[PDB]
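S.K.:
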Amino acid sequence: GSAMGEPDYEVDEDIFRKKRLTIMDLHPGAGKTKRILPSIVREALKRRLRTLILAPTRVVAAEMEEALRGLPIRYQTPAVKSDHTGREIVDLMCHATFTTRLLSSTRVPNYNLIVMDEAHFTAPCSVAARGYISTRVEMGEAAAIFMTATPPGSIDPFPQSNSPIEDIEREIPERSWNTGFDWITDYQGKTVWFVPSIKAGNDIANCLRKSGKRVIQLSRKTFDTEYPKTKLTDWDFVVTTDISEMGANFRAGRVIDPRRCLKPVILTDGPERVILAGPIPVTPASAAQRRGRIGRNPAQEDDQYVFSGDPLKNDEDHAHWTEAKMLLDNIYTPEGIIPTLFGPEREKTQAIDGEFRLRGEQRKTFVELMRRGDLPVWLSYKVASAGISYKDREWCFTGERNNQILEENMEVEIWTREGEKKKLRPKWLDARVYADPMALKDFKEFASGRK
Ligand SMILES: [Cl-]
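PDB author numbering puts the sequence shown at residues 168 to 618.
1) In the DSSP assignment, what residue or residues form a beta bridge with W595?
2) With contact counted as at least three CB pairs below 8 Å, one residue from each stretch, are the region 346-354 and the region 213-230 in contact?
3) Can you say whether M171 is buried or exposed, counting buried as having 16 or more other CB atoms within 10 angstroms of its CB?
4) Give every residue of the same chain whose Cβ lies closer than 7 Å to the Cβ of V534, excluding the five residues on either side of it in the sequence, and list them in chain order.
5) Does the distance from the CB of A602 to the CB of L434 come in under 9 Å?
6) Going straight from the alpha carbon of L607 to that of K590, what length do you get?
7) Measuring straight from C-alpha to C-alpha, what distance separates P501 and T507?
8) When a residue counts only if its C-beta is closer than 6 Å to some heavy atom of ligand 1, which residues count, in chain order?
9) Where does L385 sit, in a helix, a strand or coil, going by DSSP?
10) Throw me the rounded Cβ distance for the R387 and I410 pair, which I believe falls under 8 Å.
11) For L495 and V362, I'd like the C-alpha separation in whole angstroms.
12) Do you know whose CA, among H251, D192 and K213, lies nearest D284's CA?
13) So for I504, helix, strand or coil by DSSP?
14) Could you check where the beta strand (DSSP E) with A466 kicks off and where it finishes?
15) Suppose only complete runs of 3+ residues qualify. What are the beta strand (DSSP E) ranges in the region 253-324, listed by chain order?
16) Below 8 Å, can you find three or more Cβ-Cβ pairs linking the region 389-405 to the region 305-313?
17) With DSSP as the reference, label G510 as helix, strand or coil.
18) Which residues mark the beginning and the end of the alpha helix (DSSP H) in which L193 is found?
19) Buried or exposed for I504, please, with buried defined as at least 16 other CB atoms from any protein chain shown within 10 angstroms of its CB.
20) Let me know the secondary structure DSSP gives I220 once reduced to three states.
21) What are the boundary residues of the alpha helix (DSSP H) that includes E341?
22) Could you check where the alpha helix (DSSP H) with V405 kicks off and where it finishes?
23) Where do the ends of the beta strand (DSSP E) carrying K589 lie?
24) May I ask you to list the residues that DSSP assigns as paired with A372?
25) So if DSSP puts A444 in a beta bridge, which residue, or which two residues, is it bridged to?
26) What separation, rounded to the nearest whole angstrom, lies between the Cα atoms of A296 and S169?
27) Rank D477, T489, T244 and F509 by C-alpha distance to the C-alpha of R303 and give the top, closest one.
28) With DSSP as the reference, identify every bridge partner of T358, one or two as the case may be.
29) Just to confirm the assignment, what range does the alpha helix (DSSP H) spanning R457 have?
30) Which residues does DSSP list as the beta-bridge partners of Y242?
31) Tell me whether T392 sits in a helix, a strand or coil according to DSSP, three-state version.
32) Taking 9 Å as the cut-off, decide whether the C-beta atoms of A454 and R421 are in contact.
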């Protein structure tokens with residue numbers, strides 16, 4: 168005797184049609200959709216299509232490679248601008264790698280089938296990749312597949328799940344507590360707790376550690392290192408920022424979600440600047456992705472989503488929509504069409520297509536500030552469009568007194584590359600380079616010319 172098992176996945180001819188943009192959901196954790204991506208790729212190769220797979224993070228890329236073992240898959244790093252074999256190959260890369268190559272190479276191939284995993288990712292480079300992709304689709308040049316449970320425009324915080332979820336609304340501490348939340352530490356399962364910031368996570372995680380819980384923390388910069396540890400069975404809590412909304416799978420029974428995030432905002436009252444507004448309520452899609460960490464396994468029916476407060480769907484002041492346009496306006500096509508945002512995302516910005524386009528040296532500086540300097544899109548756009556060269560770091564010290572960077576109420580002071588001690592005082596202020604200490608550590612390194 169034998170068990171039926173997941174049946175072979177027959178591919179809908181429609182998904183390979185030019186001008187077709189398919190939205191699907193892999194429904195992970197029920198052991199029913201293992202063969203989908205491998206079937207799509209094998210069928211794509213059968214049709215002799217030039218295929219691109221976009222993963223949101225390196226971790227997911229690596230998981231896909233294992234899932235696709237035996238198929239002719241070639242992982243592409245952002246350290247390489249283009250990689251053309253003579254052979255039948257599927258390119259695999261990060262959302263951000265695709266966008267970066269579109270910005271620094273005239274050799275990006277004419278993929279006619281593009282699969283974007285976790286296509287809800289609202290990182291600017293991801294938003295930009297989606298515009299480019301859907302532009303190519305509308306031109307009849309490609310077919311695309313956006314895989315995600317919360318496609319752009321979705322507004323449902325309590326979508327379908329593989330297994331039932333108990334949605335529980337109760338007060339959740341935003342800072343360390345010492346009494347009154349016994350349900351948090353009495354629970355005997357594993358928990359994923361979404362915090363609005365690393366700082367909040369630090370407080371929560373240290374409180375939990377004082378009770379003896381084993382806690383793995385996750386943020387954007389530690390994710391590639393720390394997430395693999397969560398795949399070990401030795402923890403009580405994962406404390407994570409919203410980086411874990413993009414394909415992070417956890418063998419957990421409970422999510423705790425105060426539904427708070429920080430949002431970068433371009434302030435235009437006075438000198439343009441970017442602050443990290445908040446903590447403010449998440450969008451409904453983000454609440455759905457957080458909750459969607461659990462209720463994945465239909466044999467485990469008592470998973471819990473513990474949440475507080477309601478989502479806010481209006482996020483049109485998010486800096487990412489403008490930053491997406493800064494990237495898109497700088498991607499050119501032979502057709503010379505400037506790509507536009509994916510349709511559900513067009514309403515997020517009133518910017519006129521092309522208004523951020525840059526020319527010549529400025530364009531490569533822009534690209535280099537982001538790639539090699541690791542600066543936010545907004546900040547990189549300001550530096551490059553002022554005519555500054557990648558290497559020229561004077562602007563990090565010539566800002567107004569208000570732009571003085573503090574750490575612990577101490578004025579940051581560093582060594583220029585040339586050997587002078589100067590107050591860190593950037594001409595343009597983007598809170599993403601100074602709010603988090605490790606981000607400040609990287610920005611100092613940049614200002615000092617070691618980058
Ligand atoms: Cl983060």
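All C-beta atoms, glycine included, are put in the ideal place defined by N, C-alpha and C.
M.R.: To lay it out plainly:
1) Per DSSP, none; premise fails for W595.
2) no
3) exposed
4) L270 and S271
5) no
6) 14 Å
7) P501 and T507 have their C-alpha atoms roughly 15 Å apart.
8) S386, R387, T408 and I410
9) Here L385 sits in strand by DSSP.
10) About 5 Å separates the beta carbons of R387 and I410, which is inside the 8 Å limit, making them a contact pair.
11) When rounded, the distance between both Cα atoms is 31 Å.
12) With distances taken between Cα atoms, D284 lies closest to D192.
13) DSSP places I504 in the coil class of the three-state scheme, outside both helix and strand.
14) Looking at the DSSP string, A466 is not in any beta strand (DSSP E), and its letter there is neither H nor E.
15) 257-261, 280-283 and 310-314
16) no
17) helix
18) Segment: none, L193 is in no alpha helix (DSSP H) and carries neither H nor E.
19) For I504, the number of other beta carbons within 10 angstroms of its own is below 16, and it is reported as exposed.
20) strand
21) Unbroken run through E341: none, as it is neither H nor E.
22) Per DSSP, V405 belongs to no alpha helix (DSSP H); it is in the beta strand (DSSP E), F404 to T407.
23) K588 to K590
24) For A372, which the question treats as bridged, DSSP gives no partner whatsoever.
25) According to DSSP, which records beta bridges pairwise, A444 is partnered with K430.
26) 44 Å
27) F509
28) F404 and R421
29) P451 to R458
30) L259
31) helix
32) no
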